[PDB]
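Listing of model_29.txt; format and content: compact mmCIF, N, CA and C atoms.
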```txt
# COMPACT_ATOMS: atom_id res chain seq x y z
N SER A 22 142.96 -1.52 112.67
CA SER A 22 141.67 -1.13 112.07
C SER A 22 141.79 -0.70 110.62
N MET A 23 140.65 -0.73 109.94
CA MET A 23 140.62 -0.22 108.60
C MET A 23 140.80 1.30 108.59
N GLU A 24 140.27 2.02 109.60
CA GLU A 24 140.43 3.50 109.65
C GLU A 24 141.97 3.87 109.73
N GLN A 25 142.71 3.14 110.58
CA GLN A 25 144.16 3.37 110.76
C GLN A 25 144.89 3.19 109.47
N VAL A 26 144.57 2.14 108.72
CA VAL A 26 145.10 1.95 107.35
C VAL A 26 144.81 3.10 106.37
N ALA A 27 143.54 3.55 106.38
CA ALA A 27 143.10 4.68 105.51
C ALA A 27 143.91 5.94 105.83
N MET A 28 144.07 6.23 107.13
CA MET A 28 144.88 7.35 107.63
C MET A 28 146.32 7.19 107.16
N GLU A 29 146.84 5.98 107.29
CA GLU A 29 148.20 5.70 106.82
C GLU A 29 148.40 5.84 105.31
N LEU A 30 147.39 5.49 104.53
CA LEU A 30 147.42 5.74 103.08
C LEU A 30 147.48 7.26 102.75
N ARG A 31 146.65 8.07 103.42
CA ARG A 31 146.66 9.56 103.33
C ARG A 31 148.05 10.11 103.67
N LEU A 32 148.64 9.65 104.77
CA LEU A 32 150.01 10.07 105.14
C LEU A 32 151.03 9.69 104.06
N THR A 33 150.87 8.51 103.45
CA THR A 33 151.77 8.04 102.43
C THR A 33 151.61 8.90 101.22
N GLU A 34 150.37 9.25 100.90
CA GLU A 34 150.14 10.11 99.75
C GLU A 34 150.65 11.56 100.00
N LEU A 35 150.47 12.07 101.20
CA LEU A 35 151.04 13.41 101.53
C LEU A 35 152.55 13.38 101.38
N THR A 36 153.17 12.31 101.91
CA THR A 36 154.60 12.09 101.78
C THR A 36 155.04 12.10 100.35
N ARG A 37 154.29 11.42 99.44
CA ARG A 37 154.56 11.46 98.01
C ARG A 37 154.53 12.89 97.49
N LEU A 38 153.51 13.62 97.85
CA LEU A 38 153.37 15.01 97.34
C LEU A 38 154.52 15.90 97.90
N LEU A 39 154.81 15.81 99.19
CA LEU A 39 155.92 16.59 99.82
C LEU A 39 157.28 16.21 99.24
N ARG A 40 157.48 14.94 98.87
CA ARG A 40 158.73 14.57 98.20
C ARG A 40 158.89 15.33 96.89
N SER A 41 157.82 15.44 96.10
CA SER A 41 157.85 16.21 94.87
C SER A 41 158.06 17.75 95.17
N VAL A 42 157.36 18.27 96.18
CA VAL A 42 157.62 19.66 96.62
C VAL A 42 159.10 19.84 97.03
N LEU A 43 159.65 18.90 97.77
CA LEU A 43 161.02 19.04 98.27
C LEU A 43 161.99 19.09 97.10
N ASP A 44 161.71 18.26 96.09
CA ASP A 44 162.59 18.23 94.92
C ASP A 44 162.56 19.50 94.17
N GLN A 45 161.38 20.06 93.99
CA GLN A 45 161.23 21.31 93.30
C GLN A 45 161.89 22.47 94.05
N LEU A 46 161.77 22.46 95.37
CA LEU A 46 162.42 23.53 96.19
C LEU A 46 163.92 23.41 96.13
N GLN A 47 164.43 22.20 96.24
CA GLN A 47 165.84 22.02 96.21
C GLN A 47 166.45 22.37 94.82
N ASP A 48 165.68 22.23 93.74
CA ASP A 48 166.19 22.73 92.44
C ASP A 48 166.39 24.23 92.40
N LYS A 49 165.69 24.97 93.24
CA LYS A 49 165.89 26.40 93.35
C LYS A 49 167.13 26.79 94.13
N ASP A 50 167.95 25.79 94.46
CA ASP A 50 169.23 25.98 95.22
C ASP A 50 170.33 25.29 94.45
N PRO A 51 170.64 25.81 93.24
CA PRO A 51 171.58 24.99 92.43
C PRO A 51 173.00 25.05 92.96
N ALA A 52 173.32 26.09 93.75
CA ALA A 52 174.63 26.13 94.41
C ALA A 52 174.79 25.09 95.55
N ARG A 53 173.69 24.44 95.98
CA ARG A 53 173.70 23.49 97.09
C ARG A 53 174.14 24.10 98.43
N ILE A 54 173.81 25.37 98.60
CA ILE A 54 174.11 26.09 99.83
C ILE A 54 173.33 25.51 101.01
N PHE A 55 172.15 24.97 100.71
CA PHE A 55 171.22 24.52 101.79
C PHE A 55 171.05 22.99 101.84
N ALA A 56 171.88 22.28 101.08
CA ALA A 56 171.84 20.85 100.99
C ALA A 56 172.12 20.08 102.23
N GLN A 57 173.06 20.56 103.07
CA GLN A 57 173.53 19.81 104.20
C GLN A 57 173.53 20.70 105.48
N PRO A 58 173.54 20.08 106.66
CA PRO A 58 173.67 20.93 107.87
C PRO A 58 174.88 21.79 107.90
N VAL A 59 174.76 23.01 108.41
CA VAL A 59 175.95 23.82 108.67
C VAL A 59 176.90 22.97 109.58
N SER A 60 178.15 22.83 109.14
CA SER A 60 179.19 22.06 109.89
C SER A 60 179.65 22.77 111.20
N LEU A 61 179.53 22.09 112.34
CA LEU A 61 179.94 22.64 113.61
C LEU A 61 181.43 22.51 113.75
N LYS A 62 182.07 21.64 112.93
CA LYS A 62 183.55 21.70 112.86
C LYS A 62 184.01 23.00 112.23
N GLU A 63 183.42 23.39 111.10
CA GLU A 63 183.74 24.64 110.37
C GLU A 63 183.13 26.00 110.88
N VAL A 64 181.98 25.90 111.56
CA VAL A 64 181.34 27.05 112.22
C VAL A 64 181.04 26.67 113.68
N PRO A 65 182.10 26.68 114.53
CA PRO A 65 181.94 26.10 115.86
C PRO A 65 181.00 26.88 116.77
N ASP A 66 180.82 28.17 116.52
CA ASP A 66 179.89 29.01 117.31
C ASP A 66 178.44 28.92 116.81
N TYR A 67 178.15 28.07 115.80
CA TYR A 67 176.84 28.23 115.09
C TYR A 67 175.62 28.15 116.04
N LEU A 68 175.66 27.23 116.97
CA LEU A 68 174.50 27.00 117.84
C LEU A 68 174.32 28.08 118.90
N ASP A 69 175.33 28.95 119.12
CA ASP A 69 175.20 30.15 119.89
C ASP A 69 174.28 31.15 119.16
N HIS A 70 174.24 31.04 117.84
CA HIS A 70 173.48 32.00 117.00
C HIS A 70 172.10 31.42 116.65
N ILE A 71 172.11 30.21 116.17
CA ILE A 71 170.94 29.54 115.58
C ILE A 71 170.52 28.36 116.49
N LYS A 72 169.31 28.50 117.03
CA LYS A 72 168.80 27.47 117.94
C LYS A 72 168.19 26.25 117.34
N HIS A 73 167.65 26.36 116.12
CA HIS A 73 167.06 25.25 115.47
C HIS A 73 167.61 25.21 114.00
N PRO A 74 168.79 24.63 113.83
CA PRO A 74 169.36 24.47 112.49
C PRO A 74 168.49 23.60 111.60
N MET A 75 168.54 23.88 110.29
CA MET A 75 167.75 23.05 109.38
C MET A 75 168.45 23.06 108.01
N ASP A 76 168.18 22.05 107.22
CA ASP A 76 168.80 21.91 105.87
C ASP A 76 168.00 20.87 105.07
N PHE A 77 168.21 20.78 103.77
CA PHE A 77 167.41 19.89 102.97
C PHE A 77 167.63 18.38 103.26
N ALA A 78 168.84 17.97 103.65
CA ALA A 78 169.06 16.56 103.95
C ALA A 78 168.31 16.12 105.21
N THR A 79 168.33 17.01 106.20
CA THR A 79 167.62 16.77 107.46
C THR A 79 166.11 16.70 107.16
N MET A 80 165.59 17.56 106.30
CA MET A 80 164.14 17.48 105.93
C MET A 80 163.80 16.17 105.22
N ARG A 81 164.71 15.76 104.33
CA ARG A 81 164.52 14.54 103.60
C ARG A 81 164.49 13.32 104.55
N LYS A 82 165.33 13.31 105.58
CA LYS A 82 165.27 12.19 106.56
C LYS A 82 163.91 12.17 107.26
N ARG A 83 163.46 13.33 107.71
CA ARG A 83 162.13 13.41 108.33
C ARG A 83 161.03 12.98 107.36
N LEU A 84 161.10 13.44 106.14
CA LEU A 84 160.09 13.12 105.15
C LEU A 84 159.98 11.59 104.98
N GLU A 85 161.12 10.92 104.81
CA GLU A 85 161.14 9.50 104.52
C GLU A 85 160.76 8.60 105.70
N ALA A 86 160.85 9.11 106.92
CA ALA A 86 160.22 8.50 108.06
C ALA A 86 158.73 8.88 108.17
N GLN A 87 158.13 9.41 107.08
CA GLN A 87 156.78 10.03 107.17
C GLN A 87 156.54 10.88 108.42
N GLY A 88 157.52 11.73 108.75
CA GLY A 88 157.45 12.58 109.89
C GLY A 88 156.79 13.96 109.72
N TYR A 89 156.32 14.31 108.52
CA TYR A 89 155.48 15.50 108.34
C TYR A 89 153.98 15.08 108.25
N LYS A 90 153.23 15.48 109.26
CA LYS A 90 151.77 15.14 109.36
C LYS A 90 150.92 15.98 108.43
N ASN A 91 151.39 17.19 108.12
CA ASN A 91 150.65 18.16 107.31
C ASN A 91 151.66 19.12 106.62
N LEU A 92 151.19 19.87 105.64
CA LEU A 92 152.06 20.83 104.91
C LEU A 92 152.63 21.92 105.81
N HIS A 93 151.87 22.37 106.79
CA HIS A 93 152.34 23.39 107.76
C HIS A 93 153.66 22.97 108.42
N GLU A 94 153.77 21.72 108.85
CA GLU A 94 155.02 21.25 109.50
C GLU A 94 156.25 21.31 108.53
N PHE A 95 156.03 20.93 107.28
CA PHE A 95 157.03 20.93 106.24
C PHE A 95 157.42 22.35 105.94
N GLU A 96 156.44 23.22 105.77
CA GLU A 96 156.76 24.65 105.55
C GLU A 96 157.53 25.29 106.71
N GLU A 97 157.24 24.88 107.94
CA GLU A 97 157.98 25.37 109.10
C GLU A 97 159.50 25.10 108.94
N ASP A 98 159.81 23.89 108.52
CA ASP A 98 161.22 23.43 108.32
C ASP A 98 161.82 24.20 107.15
N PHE A 99 161.08 24.37 106.04
CA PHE A 99 161.65 25.16 104.93
C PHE A 99 161.96 26.61 105.33
N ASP A 100 161.04 27.21 106.06
CA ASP A 100 161.22 28.55 106.54
C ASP A 100 162.43 28.66 107.48
N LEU A 101 162.71 27.63 108.29
CA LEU A 101 163.89 27.62 109.14
C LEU A 101 165.15 27.72 108.32
N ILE A 102 165.18 27.00 107.21
CA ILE A 102 166.37 27.05 106.36
C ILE A 102 166.69 28.47 105.95
N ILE A 103 165.65 29.16 105.46
CA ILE A 103 165.76 30.53 104.96
C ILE A 103 166.08 31.50 106.09
N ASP A 104 165.25 31.44 107.14
CA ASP A 104 165.34 32.41 108.20
C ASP A 104 166.67 32.33 108.98
N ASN A 105 167.17 31.14 109.21
CA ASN A 105 168.45 30.91 109.92
C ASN A 105 169.55 31.58 109.12
N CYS A 106 169.51 31.34 107.81
CA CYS A 106 170.56 31.90 106.91
C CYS A 106 170.56 33.42 106.92
N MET A 107 169.38 34.03 106.85
CA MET A 107 169.23 35.46 106.77
C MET A 107 169.57 36.14 108.11
N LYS A 108 169.61 35.38 109.21
CA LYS A 108 170.10 35.93 110.48
C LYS A 108 171.63 35.79 110.61
N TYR A 109 172.15 34.59 110.33
CA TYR A 109 173.60 34.30 110.52
C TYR A 109 174.46 35.08 109.57
N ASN A 110 173.95 35.22 108.34
CA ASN A 110 174.74 35.87 107.31
C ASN A 110 174.29 37.28 107.03
N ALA A 111 175.21 38.17 106.70
CA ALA A 111 174.87 39.54 106.36
C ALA A 111 174.26 39.66 104.99
N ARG A 112 173.53 40.73 104.79
CA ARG A 112 172.87 41.08 103.51
C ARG A 112 173.73 41.03 102.25
N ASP A 113 175.01 41.36 102.37
CA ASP A 113 175.93 41.44 101.26
C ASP A 113 176.66 40.10 100.94
N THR A 114 176.11 38.95 101.35
CA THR A 114 176.79 37.69 101.19
C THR A 114 176.06 36.84 100.20
N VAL A 115 176.81 35.94 99.57
CA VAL A 115 176.23 34.99 98.66
C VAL A 115 175.25 34.08 99.38
N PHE A 116 175.51 33.80 100.65
CA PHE A 116 174.57 32.98 101.43
C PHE A 116 173.22 33.64 101.64
N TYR A 117 173.22 34.88 102.14
CA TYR A 117 171.94 35.61 102.35
C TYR A 117 171.19 35.70 101.04
N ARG A 118 171.92 36.09 99.99
CA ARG A 118 171.27 36.31 98.70
C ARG A 118 170.65 35.01 98.19
N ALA A 119 171.33 33.89 98.41
CA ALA A 119 170.79 32.57 97.97
C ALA A 119 169.48 32.27 98.68
N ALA A 120 169.43 32.60 99.98
CA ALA A 120 168.20 32.41 100.74
C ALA A 120 167.07 33.24 100.23
N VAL A 121 167.33 34.53 99.88
CA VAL A 121 166.27 35.35 99.36
C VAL A 121 165.68 34.75 98.08
N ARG A 122 166.56 34.30 97.21
CA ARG A 122 166.16 33.76 95.91
C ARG A 122 165.37 32.45 96.08
N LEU A 123 165.81 31.63 97.02
CA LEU A 123 165.07 30.40 97.40
C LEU A 123 163.70 30.66 97.97
N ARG A 124 163.60 31.64 98.88
CA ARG A 124 162.33 32.06 99.40
C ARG A 124 161.36 32.52 98.26
N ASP A 125 161.86 33.39 97.41
CA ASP A 125 161.01 33.98 96.38
C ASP A 125 160.52 32.92 95.40
N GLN A 126 161.46 32.10 94.93
CA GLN A 126 161.13 31.02 94.02
C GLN A 126 160.32 29.91 94.63
N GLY A 127 160.58 29.57 95.88
CA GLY A 127 159.83 28.52 96.55
C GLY A 127 158.39 28.89 96.83
N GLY A 128 158.13 30.19 97.01
CA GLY A 128 156.77 30.71 97.27
C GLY A 128 155.76 30.22 96.25
N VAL A 129 156.16 30.20 94.99
CA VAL A 129 155.32 29.76 93.86
C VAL A 129 154.92 28.27 93.99
N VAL A 130 155.90 27.45 94.36
CA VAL A 130 155.77 26.00 94.47
C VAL A 130 154.87 25.70 95.66
N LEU A 131 155.12 26.41 96.75
CA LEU A 131 154.35 26.22 97.98
C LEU A 131 152.89 26.68 97.86
N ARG A 132 152.67 27.74 97.10
CA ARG A 132 151.32 28.22 96.84
C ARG A 132 150.44 27.14 96.18
N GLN A 133 150.98 26.43 95.17
CA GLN A 133 150.19 25.42 94.48
C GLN A 133 150.13 24.12 95.31
N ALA A 134 151.20 23.80 96.03
CA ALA A 134 151.16 22.66 96.94
C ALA A 134 150.01 22.78 97.95
N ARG A 135 149.79 23.97 98.50
CA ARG A 135 148.70 24.18 99.44
C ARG A 135 147.33 23.92 98.80
N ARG A 136 147.14 24.41 97.59
CA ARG A 136 145.91 24.15 96.85
C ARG A 136 145.74 22.62 96.64
N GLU A 137 146.82 21.90 96.27
CA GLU A 137 146.79 20.43 96.03
C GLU A 137 146.47 19.62 97.29
N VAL A 138 147.07 20.03 98.40
CA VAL A 138 146.81 19.37 99.66
C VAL A 138 145.36 19.52 100.12
N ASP A 139 144.80 20.73 100.04
CA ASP A 139 143.36 20.98 100.29
C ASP A 139 142.46 20.25 99.26
N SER A 140 142.76 20.45 97.98
CA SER A 140 142.01 19.83 96.87
C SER A 140 141.87 18.29 97.03
N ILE A 141 142.99 17.56 96.97
CA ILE A 141 143.00 16.09 97.20
C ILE A 141 142.61 15.68 98.64
N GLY A 142 142.69 16.62 99.59
CA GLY A 142 142.40 16.36 101.01
C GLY A 142 143.60 15.72 101.68
```
With the file now loaded, output its structure as structure tokens.
Amino acid sequence: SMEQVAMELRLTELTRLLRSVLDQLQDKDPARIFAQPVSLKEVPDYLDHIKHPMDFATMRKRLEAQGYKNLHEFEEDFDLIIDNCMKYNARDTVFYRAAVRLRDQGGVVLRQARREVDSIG
């Protein structure tokens, strides 16, 4: 149908916008602490601690399969990155601190992304 195509164009355009959001968020992680999944070879107990691991590469795979239907789903995944880190790692670590800085800086980007998603529809 033509309606299915129109819906698919909206999804493609959301995907375009979330790709730009993802790039901007990942620039706020210049140490690349959150770039890749936590290694289960190097942290073998990780899944005993963290039930839903997340990282920027995993988000990018979902994004490119157009697997985020709305901004809420994308934000859920970004929040997992931060929240998992702040539980696994103690307050006095470079990892925890990187997450705090990513959260604070990403808030600005996400605030305007929400306005853009509503605005453009």
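Interatomic distance, atom N of residue 38 in chain A to atom C of residue 71 in chain A: 29.2 Å.
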Checklist entry - Rounded to one decimal in Å, what is the spacing between atom C of residue 106 in chain A and CA of residue 75 in chain A? => result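 So the two atoms, atom C of residue 106 in chain A and CA of residue 75 in chain A, lie 11.0 Å apart.
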Checklist entry - Between CA of residue 121 in chain A and atom C of residue 66 in chain A, what is the distance, to one decimal in Å? => result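 We find that CA of residue 121 in chain A and atom C of residue 66 in chain A lie 22.2 Å from each other.
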Next on the checklist: Just checking: using only C-alpha atoms, which residue out of A:123, A:72, A:77, A:87 ends up closest to residue 105 in chain A?
Outcome noted: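 Closest residue, counting only C-alpha atoms: A:72.
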Checklist entry - Can you tell me, as a list in words, what residues are no more than 6.5 Å from residue 55 in chain A when counting all atoms listed in the file, ignoring any on the same chain fewer than 2 positions away? => result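 The neighbour list is residues 50, 52, 53, 57, 58, 76, 77 and 78 of chain A.
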Polymer residues at most 8 Å from range 88-103 of chain A, all atoms listed in the file, same-chain spacing of 5 or more positions, as a compact mmCIF listing (two decimals) with N, CA and C atoms, in the frame of the given file:
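selection-v1.txt was written with the following content:
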```txt
# COMPACT_ATOMS: atom_id res chain seq x y z
N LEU A 32 148.64 9.65 104.77
CA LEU A 32 150.01 10.07 105.14
C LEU A 32 151.03 9.69 104.06
N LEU A 35 150.47 12.07 101.20
CA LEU A 35 151.04 13.41 101.53
C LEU A 35 152.55 13.38 101.38
N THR A 36 153.17 12.31 101.91
CA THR A 36 154.60 12.09 101.78
C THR A 36 155.04 12.10 100.35
N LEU A 39 154.81 15.81 99.19
CA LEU A 39 155.92 16.59 99.82
C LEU A 39 157.28 16.21 99.24
N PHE A 55 172.15 24.97 100.71
CA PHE A 55 171.22 24.52 101.79
C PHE A 55 171.05 22.99 101.84
N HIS A 73 167.65 26.36 116.12
CA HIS A 73 167.06 25.25 115.47
C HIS A 73 167.61 25.21 114.00
N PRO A 74 168.79 24.63 113.83
CA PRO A 74 169.36 24.47 112.49
C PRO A 74 168.49 23.60 111.60
N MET A 75 168.54 23.88 110.29
CA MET A 75 167.75 23.05 109.38
C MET A 75 168.45 23.06 108.01
N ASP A 76 168.18 22.05 107.22
CA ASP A 76 168.80 21.91 105.87
C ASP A 76 168.00 20.87 105.07
N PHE A 77 168.21 20.78 103.77
CA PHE A 77 167.41 19.89 102.97
C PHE A 77 167.63 18.38 103.26
N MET A 80 165.59 17.56 106.30
CA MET A 80 164.14 17.48 105.93
C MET A 80 163.80 16.17 105.22
N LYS A 82 165.33 13.31 105.58
CA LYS A 82 165.27 12.19 106.56
C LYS A 82 163.91 12.17 107.26
N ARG A 83 163.46 13.33 107.71
CA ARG A 83 162.13 13.41 108.33
C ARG A 83 161.03 12.98 107.36
N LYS A 108 169.61 35.38 109.21
CA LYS A 108 170.10 35.93 110.48
C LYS A 108 171.63 35.79 110.61
N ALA A 119 171.33 33.89 98.41
CA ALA A 119 170.79 32.57 97.97
C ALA A 119 169.48 32.27 98.68
N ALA A 120 169.43 32.60 99.98
CA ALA A 120 168.20 32.41 100.74
C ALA A 120 167.07 33.24 100.23
N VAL A 121 167.33 34.53 99.88
CA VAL A 121 166.27 35.35 99.36
C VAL A 121 165.68 34.75 98.08
N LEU A 123 165.81 31.63 97.02
CA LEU A 123 165.07 30.40 97.40
C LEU A 123 163.70 30.66 97.97
N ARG A 124 163.60 31.64 98.88
CA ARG A 124 162.33 32.06 99.40
C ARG A 124 161.36 32.52 98.26
N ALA A 134 151.20 23.80 96.03
CA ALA A 134 151.16 22.66 96.94
C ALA A 134 150.01 22.78 97.95
N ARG A 135 149.79 23.97 98.50
CA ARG A 135 148.70 24.18 99.44
C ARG A 135 147.33 23.92 98.80
N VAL A 138 147.07 20.03 98.40
CA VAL A 138 146.81 19.37 99.66
C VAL A 138 145.36 19.52 100.12
```
